[PDB]
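Colleague: Take a look at the following structure, please.
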Amino acid sequence: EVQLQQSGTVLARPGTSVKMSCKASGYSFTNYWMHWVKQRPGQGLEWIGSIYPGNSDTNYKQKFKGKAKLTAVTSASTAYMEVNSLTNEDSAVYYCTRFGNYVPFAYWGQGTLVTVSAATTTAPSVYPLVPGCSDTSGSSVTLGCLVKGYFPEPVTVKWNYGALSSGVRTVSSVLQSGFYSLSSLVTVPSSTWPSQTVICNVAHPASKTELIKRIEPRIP
Amino acid sequence: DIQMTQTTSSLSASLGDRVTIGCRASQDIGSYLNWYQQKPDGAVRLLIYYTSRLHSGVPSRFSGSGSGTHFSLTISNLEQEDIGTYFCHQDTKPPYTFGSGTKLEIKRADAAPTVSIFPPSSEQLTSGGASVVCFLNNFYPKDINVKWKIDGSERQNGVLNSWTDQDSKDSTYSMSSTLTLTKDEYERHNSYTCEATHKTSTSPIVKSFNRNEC
Ligand SMILES: CO[C@H]1O[C@H](CO[C@H]2O[C@H](CO[C@H]3O[C@H](CO)[C@@H](O)[C@@H]3O[C@@H]3O[C@H](CO)[C@@H](O)[C@@H]3O)[C@@H](O)[C@@H]2O)[C@@H](O)[C@@H]1O
């Protein structure tokens, strides 16, 4: 019923501004306060402010006055937040969330990731993870894809366009020397691979890239 | 403002056990204290509001208590689905404030890792790079050490370690250790070895390959 749909990830240079959106559906947009909450890694949750779309009344944590600006457009059933003078401290996941009635934050957006950086977008390089020339037995093979050298976050990995989900292990991204890397592995019955296309699907929203990597046995 | 302090940043507990997650307020907030659960995909869900009232689809296993300054979320009997990070939230009036969260892990029976090693692909090599991957699969506890040996010599530099989130179904972890080299550096050596030390065994599980192919 109630859904809060937030805009996609954004990369912004320090000193500039970002404006993110939160489209509300399944209830009367103008009759509930919309709140915004900031989540910085290992820094908990911080309340920014709220808006009542019916009359455009706003409140703010003192800190965010003149830093974050809340607006709403009724015809669009959409809440907006514009954050200016961006610093590293502004890199976070931002959530929109609905308050009331007789409950607090009952409904949450999925979050919008903001990366403040002077660095440009870099698509990942993907390399297959293939066992060494026949040296292990034997019923379950582990395959994978190494995802290297991308910026900013996030990357998502899936297998056989999402049809393969059992036995999939995707480790957390790591940051090194300005770039991110991760690896995803899948453990599948020996009769499946190399018999059937085991493909990893690598998506990098910031660069708008959708990559495939076929997992094929090594050259004899 | 009102500072919300959570008792601990992380908690580990066995299935079936009673689990409490605590929160303290810097001033009396009466009953205006809420509990949200956040899953690894970032999804946030209200569990308890107004100190003690359960919200949508929340199991009867959950309850809340509060004195006005000290609060707790209690799980009567821990279940698999309860993995996540739990945050408290006071909403007496603006400005609202939150605790910094408690990450809840399931304590599982000890399980040894299954180890796999991956030589670089021809695709990477032709581009001038060489990554070697050691994969440790389906183990508990999370704590695990991976040692790389190149031509028998320990290598620490250029190694990057990372874990999965705890498995939502069976509570195990997996992790990869990636050793990054140039192709030229890679081709200057023969033996590539990772040794995984885990509390399940006093002896490490060792996986090796030779660049000259066995
Ligand atoms: C049972 O305890 C839970 O119920 C509390 C929420 O109950 C209120 O929800 C209804 C809506 O209230 C919002 O609208 C009111 C009029 O504008 C404002 O008082 C409430 O808005 C919040 O206050 C700030 C404005 O002062 C605004 O930023 C916030 O959205 C109201 O009928 C019920 O009283 C919940 O806190 C307890 O968990």
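Chains as they are written, first to last, in the deposited numbering: chain H, 1 to 220; chain L, 1 to 214.
Yeah, the Cβ is synthetic: ideal placement off N, Cα and C, and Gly gets one too.
(1) Along chain L, in chain order, which residues have C-beta atoms closer than 8 Å to that of H/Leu211?
(2) At a Cβ cut of 9 Å, what residues of the segment 74-98 of chain L count as close to chain H, listed as they run along the chain?
(3) Output the distance between the C-alpha atoms of H/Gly162 and H/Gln62, rounded to the nearest integer angstrom.
(4) Does ligand 1 have even one heavy atom less than 6 Å from the beta-carbon of H/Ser50?
(5) What are the partner residues of L/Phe98, as DSSP defines its beta bridges?
(6) Could you give the DSSP three-state label for L/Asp1: helix, strand or coil?
(7) Measure the CB-CB distance between L/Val58 and H/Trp108 and report whether it falls below 7 Å.
(8) Tell whether a beta-carbon distance below 7 Å holds between H/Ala118 and H/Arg40.
(9) Quick one: give me the first and last residue of the beta strand (DSSP E) that L/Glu123 is part of.
(10) Closer than 6 Å by C-beta to H/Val198: which residues in its own chain qualify, once you throw out the five before and the five after it? Chain order, please.
(11) Quick one: is L/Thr164 near chain H, going by C-beta distance under 7 Å?
(12) Count the C-beta pairs between the segment 151-165 of chain L and the segment 95-114 of chain L that are closer than 8 Å, then say yes if the count reaches three, no if not.
(13) To test your reading of the DSSP string, which unbroken beta strand (DSSP E) runs of 3 or more residues are found completely within the segment 163-201 of chain H?
(14) Shorter than 6 Å, the distance from the beta carbon of H/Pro104 to the closest heavy atom of ligand 1, or not?
(15) Any Cβ of chain H within less than 7 Å of the Cβ of L/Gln37?
(16) Between the segment 113-127 of chain L and chain H, which residues of the former have a C-beta closer than 9 Å to a C-beta of the latter?
(17) Taking the C-alpha atoms as reference points, what is the distance between L/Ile117 and L/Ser208?
(18) By the three-class DSSP mapping on this structure, what secondary structure does L/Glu195 have?
(19) Let's test the definition: count the other Cβ atoms within 10 Å of the Cβ of H/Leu175 and tell me whether it reaches 16, buried, or not, exposed.
(20) By a C-beta neighbour count over all protein chains shown, 10 Å radius and 16 as the cutoff for buried, is L/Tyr86 buried or exposed?
(21) For L/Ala25, tell me which candidate among L/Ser122, L/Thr180 and L/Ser100 has the shortest Cα-Cα distance.
Modeller: Taking the definition as stated:
(1) Counting from one through the first sequence, the residue named residue 211 of chain H turns up at place 211. Result: empty, since nearest Cβ-Cβ is about 13 Å, beyond 8 Å.
(2) So the close ones are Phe87, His89, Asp91, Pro94, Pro95, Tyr96, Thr97 and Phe98.
(3) In the first sequence, counting from the first residue as 1, residue 162 of chain H sits at position 162. In the first sequence, counting from the first residue as 1, residue 62 of chain H sits at position 62. Spanning the two alpha carbons is a distance of roughly 45 Å.
(4) Locating residue 50 of chain H in the first sequence gives position 50, where the first residue counts as 1. For H/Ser50, the shortest C-beta to heavy atom distance toward ligand 1 is below 6 Å.
(5) Taking the first residue of the second sequence as 1, we reach residue 98 of chain L at position 98. Within the DSSP bridge table, the entry for L/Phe98 names L/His89 as partners.
(6) What you label residue 1 of chain L is simply residue 1 of the second sequence in a count that begins at 1. Looking at L/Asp1 - three-state DSSP - the assignment turns out to be coil, as it is neither helix nor strand.
(7) Taking the first residue of the second sequence as 1, we reach residue 58 of chain L at position 58. Taking the first residue of the first sequence as 1, we reach residue 108 of chain H at position 108. No, the pair does not count as a contact, with Cβ atoms beyond the cut-off.
(8) If you number the first sequence from 1, residue 118 of chain H lands on position 118. If you number the first sequence from 1, residue 40 of chain H lands on position 40. Cβ distance not < 7 Å, so H/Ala118 and H/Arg40 don't count as in contact.
(9) For the purposes of this step, residue 123 of chain L is identified with residue 123 of the second sequence, where counting begins at 1. L/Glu123 -> not in any beta strand (DSSP E); alpha helix (DSSP H) instead, spanning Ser122 to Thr126.
(10) Position 198 of the first sequence, counted from the start, is the residue given in the question as residue 198 of chain H. If we look at H/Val198 and ignore the five residues flanking it on each side, its Cβ neighbours are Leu143 and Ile215.
(11) Against the second sequence, residue 164 of chain L aligns to sequence position 164. Closer than 7 Å: yes.
(12) Inter-segment contact for the segment 151-165 of chain L and the segment 95-114 of chain L is absent: fewer than three beta-carbon pairs are separated by less than 8 Å.
(13) Correct list: 168-170, 174-176 and 179-189.
(14) Locating residue 104 of chain H in the first sequence gives position 104, counting from the first residue. A heavy atom of ligand 1 is found nearer than 6 Å to the CB of H/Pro104.
(15) Your numbering for residue 37 of chain L matches position 37 in the second sequence. At a cut-off of 7 Å between C-beta atoms, L/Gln37 does not count as an interface residue with respect to chain H.
(16) Taking 9 Å as the Cβ-Cβ cut-off, the segment 113-127 of chain L approaches chain H at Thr114, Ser116, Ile117, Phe118, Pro119, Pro120, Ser121, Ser122, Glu123, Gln124 and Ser127, given in chain order.
(17) The count along the second sequence starts at 1 and reaches residue 117 of chain L at position 117. The count along the second sequence starts at 1 and reaches residue 208 of chain L at position 208. So the alpha carbons of these two residues sit roughly 7 Å apart.
(18) The residue given as residue 195 of chain L occupies position 195 in the second sequence. The answer is strand: DSSP assigns L/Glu195 an E or B state.
(19) Within the first sequence, residue 175 of chain H is the residue found at index 175, counting from 1. H/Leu175 comes out exposed.
(20) Taking the second sequence and counting its residues from 1, the one referred to as residue 86 of chain L is at position 86. Under this definition L/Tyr86 is a buried residue.
(21) Here residue 25 of chain L corresponds to residue number 25 of the second sequence, with the count starting at 1. Among L/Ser122, L/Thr180 and L/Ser100, the Cα nearest to that of L/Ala25 is on L/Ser100.
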